[PDB]
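A single chain comes next, written as structure tokens; it is the form deposited without its partner chain.
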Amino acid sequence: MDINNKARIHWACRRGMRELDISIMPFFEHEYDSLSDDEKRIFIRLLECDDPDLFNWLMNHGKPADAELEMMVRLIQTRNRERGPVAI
């Protein structure tokens, strides 16, 4: 899977779990284009991880041993945090 077939990556962003759908999909739709090529490649590889791990990482119950994956998880968190609803 590579970086310029956006429709295929989009599909790969549909997860079996609700909390992930709301995290990974919107990140992709709003943020993917803004990534470096290296960031895109890493994000694609992140998408091959299992949902139990992605959910733990995104909730910060630990983190990936792979530092590239750790950096991508953190970029998702940062971008999602800034885009989402500001709640009083």
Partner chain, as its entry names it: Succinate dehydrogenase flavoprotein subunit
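Positions refer to the first chain, counted from 1. Only residues modelled in both forms are compared. We call the rigid core whatever largest set of C-alpha positions still superposes within 1.5 Å between the two forms.
The same protein also exists as the form solved in complex with its partner chain; that form is not shown, yet it is the one meant from here on.
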Given that the partner is absent here, does residue 35 sit within 4.5 Å of its partner chain in the bound PDB entry, heavy atoms only?
no
Interface membership of residue 5, its partner chain in the bound PDB entry, 4.5 Å heavy atom rule
yes
Contact test in the bound PDB entry: residue 53 vs its partner chain, heavy atoms, 4.5 Å:
yes
Can you tell me if residue 61 lies within 4.5 angstroms of its partner chain in the bound PDB entry, counting non-hydrogen atoms only?
yes
Displacement runs between the shown form and the other one, C-alpha, 2 Å or more, three or more consecutive residues, core aligned:
85 to 87
